[PDB]
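Rule-based calculations on the coordinates, nothing more; no lab input. So basically every Cβ, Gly included, is an ideal-geometry build from the backbone, and we count neighbours across all protein chains shown.
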Amino acid sequence: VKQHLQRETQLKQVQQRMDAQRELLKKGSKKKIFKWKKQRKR
Amino acid sequence: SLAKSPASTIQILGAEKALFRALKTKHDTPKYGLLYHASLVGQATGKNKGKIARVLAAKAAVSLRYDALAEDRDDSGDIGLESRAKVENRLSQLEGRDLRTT
Amino acid sequence: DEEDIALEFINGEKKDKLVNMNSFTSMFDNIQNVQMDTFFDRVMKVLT
Amino acid sequence: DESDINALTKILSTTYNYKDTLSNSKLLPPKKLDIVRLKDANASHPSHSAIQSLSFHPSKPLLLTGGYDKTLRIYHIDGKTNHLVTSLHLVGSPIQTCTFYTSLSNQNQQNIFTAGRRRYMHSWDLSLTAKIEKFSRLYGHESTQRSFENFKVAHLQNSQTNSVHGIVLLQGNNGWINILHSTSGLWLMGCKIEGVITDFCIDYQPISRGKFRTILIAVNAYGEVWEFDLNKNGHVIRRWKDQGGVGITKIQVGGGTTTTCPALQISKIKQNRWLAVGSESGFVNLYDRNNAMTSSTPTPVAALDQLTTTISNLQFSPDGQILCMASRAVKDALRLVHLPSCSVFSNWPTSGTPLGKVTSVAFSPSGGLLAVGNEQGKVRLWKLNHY
Amino acid sequence: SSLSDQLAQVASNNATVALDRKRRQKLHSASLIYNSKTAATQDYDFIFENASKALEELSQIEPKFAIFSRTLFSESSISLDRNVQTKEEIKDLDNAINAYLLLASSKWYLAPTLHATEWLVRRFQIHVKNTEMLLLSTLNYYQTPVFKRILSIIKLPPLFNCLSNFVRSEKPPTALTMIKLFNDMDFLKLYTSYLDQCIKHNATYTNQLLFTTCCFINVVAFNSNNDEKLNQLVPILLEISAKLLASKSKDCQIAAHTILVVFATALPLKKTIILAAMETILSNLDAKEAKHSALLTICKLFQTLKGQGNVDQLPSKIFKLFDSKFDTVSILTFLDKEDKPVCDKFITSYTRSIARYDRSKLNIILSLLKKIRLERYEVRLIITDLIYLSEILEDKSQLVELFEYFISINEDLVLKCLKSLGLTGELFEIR
Amino acid sequence: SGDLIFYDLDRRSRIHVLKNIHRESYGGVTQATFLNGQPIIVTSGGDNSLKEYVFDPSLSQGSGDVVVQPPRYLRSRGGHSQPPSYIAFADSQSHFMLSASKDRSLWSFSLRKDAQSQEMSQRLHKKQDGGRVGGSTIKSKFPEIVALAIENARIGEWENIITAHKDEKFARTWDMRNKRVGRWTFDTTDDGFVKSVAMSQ
Amino acid sequence: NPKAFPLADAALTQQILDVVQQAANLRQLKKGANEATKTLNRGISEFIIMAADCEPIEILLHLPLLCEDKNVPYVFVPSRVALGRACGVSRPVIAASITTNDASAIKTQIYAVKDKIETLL
Amino acid sequence: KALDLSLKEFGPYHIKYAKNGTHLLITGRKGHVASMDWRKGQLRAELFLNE
RNA sequence: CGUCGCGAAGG
């Protein structure tokens, strides 16, 4: 069960970084400080 | 316990085995499932049945959780056929485009 | 007073409802087998 | 063939132009503006900061310009050229907002009210060196003015005798808005709403011949606004919620008379029709005020969302036909909406126009001039052909 | 010039002839009912006899086809060839086919009409040479397998060239490509000449009028923000709105009403053409629905006037005509309906003209002014004309009744009008 | 008024109008004739234009004479309605000349046979930084053109002729080959009007 | 609107709409009802805000049931166009879930709002 | 059938119909040789030359 | 009164 739990944490951080890397290429007037220019997606 | 489910799984509620084998290998997940035998995604033609399967799953979620969660309705189907009219003119205004350059 | 008359003329002007690109593409679904008066007051509904 | 219900066919064969194109319209043609550029209004004398406020003299041909370079100039403007008349320079103090003021009764005062981020505002008198006064004394309420960063100027008839005098109105810090006296500098009253005062605007409404009651409309930061008259003591006569709108940032009323176009005769006052509350999500709700009289929760006549980022300056046309939205965030961020049909003008604000980072906009009272001041330190001047 | 061009000219000039067996089967397998493998073995007498049965069924449901059973569907017409005769006879047979097609344009939901017209498609080669009358006579059924079959059989004339990606494609063409076909005005002139030929033959019906109206309102909607294209497109739609209004059926009457009201809201027309269009739609009012539709188009088309004259006096030769075709009664009931379409400027010009041209029924202007809402410059203008009226004639009791109504509401406006003209003491001394 | 209308007498109708062939100020359309048997018209005003306009054959094969196409443009010749201010000879061949007019327009005229008298179009090239152009977006013409300069040393590789306008703070170039404005205007960097341009041979 | 159980007051509505504005700034929320139920089933939602302004309220009140099963805090707000303009979308949204990130820059105001929501049951 | 295939940019033309009356062969004195159907618009061999 | 890049109704 503990090995299941560390697999959960590891897959969570992998999905975290991969979803951030996918989200970084959508759109937005971005700038590395990671924040977006406040304008609503029309 | 069907109303407590999102529009995406109301879309793909049928063909889950092709869904999960497509997820656990590298393929592309299906789009109709059990709603394919409805009367409107057969009316559409092309990948218009894919787009209509998504919008009809969303309106099925609306209508379904309304008449599963309300406790005062008259059972006349009012937002049902309203959503039918909205799905129908959505279908018409998306089939009316012609991606062939005239 | 004349400027107030002209400014009252341009204040007393109600909100029109314009026409645009897809203002009447919805007519092509219920185009078939509808009486002409029903089509006409449908067009007046889309306008007003 | 010949030897010589047909009415419109015969006159189709007669004429071959099919619009009443001439001056026999008196209204703006919708969805197609008719607008020319002019010479740069800051050409004869360069500026050095962002033009933080523009205004016009309500009768004279003077365009007043002030910014963060702690100076304020006043140009005399026309088509082919425009020159500087005077240019006062206040050391130590910037000016966040600066504006003309003419008294309603005598029409021979011509004060300038200039306020920065400090605690004082400066009052200049104009009759042609020159002297100024330093309004710096809140009388009873010194812990409610962090700054004089935003103010307005408005008339008031005192409702037991017709001693029409001016009033400056300051943004508070908690929820306050103080009013003052324009000439002397007494405190008169301070009204207060909850949340944060974000902005406010001044309505007028006449009561009889030569007698008018003003109304201060002030927003929350949430969307429920208070409108209270202040020709008596300032207590609330109506409070109503914006239908929607969360982060609202500016409100401007008008169509009749307001700060950008006051009157000179007292009986030339006019009840303002249109009201325009603009958010930070780009949205602008605008209402009429012939159906939002006593509704207490009115519907927006239009909900524009045409420009994206946070709007700062929205002004009216002096006769109430053209609203101007202007967001001070992104480049080329100004639009004009035709107000009676609430359409958006398509042809003018295109990418071949050098609006820049627009940070002030101001209409002329009668010429139809339109001044836009951007961040680079200039102000361009368009002319609307219709007026 | 190009020899290839001068030969393609004679190719399109002699497409309707068979000079070997391959071109004969290519020119014969084009059929409206059957496919290629069966239509390539049909002798002419077979399709002629089943088409004669089809014409007889169509004749016993419609009494204007015995002339065709005498002339063009005759027994000798299976041996009459097309291109062996003289050009006068080919012109006569050409407008014979045109008369047949715009007679049987309203019957295409029937297998008898399909099997009847299949004969002269197969024999008289109207799938090649009398092409455009076929196309823009059966254009209105564009969502139909008969139209998909017509479009797969025919070759496209150069006007209809934006249909050319629907040959051999089992999706029927769309409403948007129908509007893109109606957009360019050099198709539009041809369609209007077809439409007025159909009007003068009096075969206008409630399906193709509906289709023509929906196409015209969507063309106007496509050019909603194109001032030059609308200025070029007025004297086509307006001219056949006129010669559609000159007909008698209520369908084509209020179809012309519909294109008129959408064009008036599309752009601000001139005051004189608004007045003449009002006189035209008013001088030929017959039926019951024509009354209600003409009233709504008069009200909206007169409301869209932004400029002086917009509340002026409508003249006498159309005002007495309006009083003839519309009573002052039931104008009250149209005002008393609940939804209240915007009619303020026309009601104002109606009040000013009933004040200045009739001056004997002022209870009516009192009643309708009491029951409509009105705008302030209009009520100032009508009380200014009412003061002119009160000082040109003697103050009767109904006149002082609606004047004391105008005192009881908007005291400041009537006092400002009297300050523009004289004094309220002299006015009360008059009344 | 400048306009030219085609009436059709078999239908008492208007086939097509044609707006502003010749400008109204110089007289509008003075003489506009058909040609005997031919479906081309020849129009000339008083503003030194001379155009011809062909009628197309009809587009519908059956109906024919009721859908008449609008008349297309065709061959034209043209001066510039006002006396020219400056004269230059482009090539060493004595073949093409450049006329800087007084109606704020630059033309290239021929000397052999007049088939190629053409205006150099004032569509400014884009500034090379990646950003948008300078000058007016609306096609109003340039200022009055005072003094120009001309050589044929490296034609076509870059900007060939330069000129100096009336009370304009810079002096701008053109290109003789592409027959339009070049990229780079040269400011005089002293806040003065430019009066005398020249080029190295 | 009787089935609209807990809906916030004026000041609490204002502070949660400012924190959902900052959430849309930092891209830490998922918007829309079906997206809300997706992130609720996969169990990332800090809390749920929902707009009691739609013509059925039963289009949203199906997620309260699994929200009570999963003990997540949830609260109503009387204006869906306010939800839209505060969430940063030109259409009126219905529901919005705020996803979980302990390494945020708005963690403390999110948690103070979460306590102010879970206190009124 | 009464055709006129008028061509001007090559020289004074010359005719030869085929043995049966189907195909036509025309020849300009400049360089033009065209073999073509004439009752059908089927130009099946055009060739310019320079002799 | 100590307080805090270009761009005349498109490219």
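Remarks
- Among the residues of region D:369-376, none qualifies, meaning not one is within 16 Å of RNA strand I (Cβ to nearest atom), of a type in the set (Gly, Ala, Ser) and closer than 29 Å to C:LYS17 by Cβ.
- The single residue among D:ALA362, D:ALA326 that is within 17 Å of D:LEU64 (Cα to Cα), assigned to a strand (DSSP E or B) and away from RNA strand I (no atom under 13 Å from the Cβ) turns out to be D:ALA362.
- Of all residues in region F:20-38, those that are closer than 15 Å to F:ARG72 by Cβ and surrounded by 13 or more Cβ atoms within 10 Å (Cβ to Cβ) total 1.
- For region D:7-21, a tally of residues being under 24 Å from D:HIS386 (Cα atoms) and either more than 8 Å from every other protein chain (Cβ to nearest Cβ) or not in a loop (DSSP other than H, G, I, E, B) (or both) returns 1.
- Verdict on D:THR198 being touching a strand residue (DSSP E or B) at 6+ places or on another chain (Cβ under 7 Å), within 14 Å of another protein chain (Cβ to nearest Cβ), of a type in the set (S, T, N, Q) and away from RNA strand I (no atom under 16 Å from the Cβ): yes
- The listed residue being surrounded by fewer than 16 Cβ atoms within 10 Å (Cβ to Cβ), more than 14 Å from every other protein chain (Cβ to nearest Cβ) and of a type in the set (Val, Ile, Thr), out of E:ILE33, E:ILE47, E:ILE61, E:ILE90: E:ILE61
Listed here are the residues, each with its yes/no results for (1) more than 14 Å from chain D (Cβ to nearest Cβ); (2) part of a loop (DSSP other than H, G, I, E, B); (3) over 29 Å from D:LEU307 (Cα atoms).
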{"position": "G:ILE48", "(1), (2), (3)": "yes, no, yes"}
{"position": "G:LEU66", "(1), (2), (3)": "yes, no, yes"}
{"position": "G:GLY84", "(1), (2), (3)": "no, no, no"}
{"position": "G:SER97", "(1), (2), (3)": "yes, no, no"}
{"position": "G:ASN101", "(1), (2), (3)": "yes, yes, yes"}
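- Which listed residue is in a loop (DSSP other than H, G, I, E, B), away from RNA strand I (no atom under 16 Å from the Cβ) and more than 9 Å from chain E (Cβ to nearest Cβ), from D:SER59, D:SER49, D:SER44: D:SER59
- Just so you know, in region D:123-143 the residues that are within 11 Å of RNA strand I (Cβ to nearest atom) and not charged (D, E, K, R) include one that is nearest to D:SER87 (Cα to Cα), and it is D:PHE135.
- Put simply, of G:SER79, G:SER97 the only residue that is crowded, with 22+ Cβ neighbours inside 10 Å, under 14 Å from the mean Cα position of the chain (by Cα), hydroxyl-bearing (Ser, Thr, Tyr) and closer than 13 Å to G:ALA36 by Cα is G:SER97.
- Test result for E:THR177, within 17 Å of E:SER137 (Cα to Cα) and either out of contact with any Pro (no Cβ under 9 Å at 6 or more places or on another chain) or among the polar types (S, T, N, Q) (or both): no
- From F:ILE155, F:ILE138, F:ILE150, residue being surrounded by fewer than 18 Cβ atoms within 10 Å (Cβ to Cβ), away from RNA strand I (no atom under 13 Å from the Cβ) and hydrophobic (A, V, I, L, M, F, W, C): F:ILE155
- Checked against the criterion of being over 28 Å from D:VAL36 (Cβ atoms), away from RNA strand I (no atom under 16 Å from the Cβ) and either among the basic types (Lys, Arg) or within 16 Å of the chain's Cα centre (by Cα) (or both), the candidates F:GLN69, F:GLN118, F:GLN93, F:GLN38 yield just one match: F:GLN118.
- Residue check for D:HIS76: more than 13 Å from every other protein chain (Cβ to nearest Cβ), surrounded by fewer than 17 Cβ atoms within 10 Å (Cβ to Cβ) and within 14 Å of RNA strand I (Cβ to nearest atom): no
- Sub-8 Å Cβ pairs linking a first residue in region D:340-361 that is under 12 Å from D:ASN374 (Cα atoms) to a second residue that is within 6 Å of RNA strand I (Cβ to nearest atom) and of a type in the set (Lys, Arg), at least 6 apart or interchain, are D:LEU355/D:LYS331; D:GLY356/D:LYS331; D:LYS357/D:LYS331, ordered by first then second residue.
- Hits in region F:33-79 - residues which are touching a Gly at 6+ places or on another chain (Cβ under 9 Å) and either closer than 25 Å to F:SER105 by Cα or more than 14 Å from every other protein chain (Cβ to nearest Cβ) (or both): F:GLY45, F:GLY46, F:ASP47, F:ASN48, F:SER49, F:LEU50, F:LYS51
- Look at (1) over 16 Å from D:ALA50 (Cβ atoms); (2) more than 16 Å from RNA strand I (Cβ to nearest atom); (3) buried (at least 19 other Cβ atoms within 10 Å of the Cβ) and you find that D:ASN82 fails only one, number (2).
- Helices (runs of 4 or more DSSP H) completely within region B:1-90 that count 1 or more residues being within 26 Å of G:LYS3 (Cα to Cα) and of a type in the set (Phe, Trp, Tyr): B:48-69
- Within region F:15-32, the set of residues being within 14 Å of chain D (Cβ to nearest Cβ) and over 14 Å from F:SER81 (Cβ atoms) comprises F:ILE15, F:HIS16, F:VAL17, F:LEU18, F:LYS19.
- Any chance D:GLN171 is away from every other protein chain (no Cβ under 14 Å) and more than 16 Å from RNA strand I (Cβ to nearest atom): no
- Candidates in chain H are the residues that are in a strand (DSSP E or B) and at the interface with another protein chain (Cβ under 8 Å from one of its Cβ atoms); of these, the one that is surrounded by the fewest Cβ atoms within 10 Å (Cβ to Cβ) is H:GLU46.
- Residue in region E:407-430 that is within 14 Å of chain C (Cβ to nearest Cβ), within 28 Å of C:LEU47 (Cα to Cα) and surrounded by 14 or more Cβ atoms within 10 Å (Cβ to Cβ) present: no
- Hits in region D:332-359 (condition: in a strand (DSSP E or B) and either within 11 Å of RNA strand I (Cβ to nearest atom) or within 29 Å of C:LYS15 (Cα to Cα) (or both)): D:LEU334, D:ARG335, D:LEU336, D:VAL337, D:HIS338, D:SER343, D:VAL344, D:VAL358
- Of everything listed in (1) more than 16 Å from RNA strand I (Cβ to nearest atom); (2) away from every other protein chain (no Cβ under 14 Å), the single unmet condition for D:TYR120 is (1).
- Considering region D:85-117, and only residues there that are β-branched (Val, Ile, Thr) and more than 14 Å from RNA strand I (Cβ to nearest atom), the residue that is farthest from the other protein chains (Cβ to nearest Cβ) turns out to be D:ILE112.
- If you check H:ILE26, H:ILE15 for being under 8 Å from the mean Cα position of the chain (by Cα), over 23 Å from E:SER12 (Cβ atoms) and not aromatic (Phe, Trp, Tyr), only one passes: H:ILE15.
- For region E:215-250, the set of residues classified as in contact with a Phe, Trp or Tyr (Cβ under 7 Å, 6 or more places away or on another chain) and either small (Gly, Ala, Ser) or farther than 20 Å from C:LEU47 by Cα (or both) consists of E:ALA221, E:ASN231, listed by residue number.
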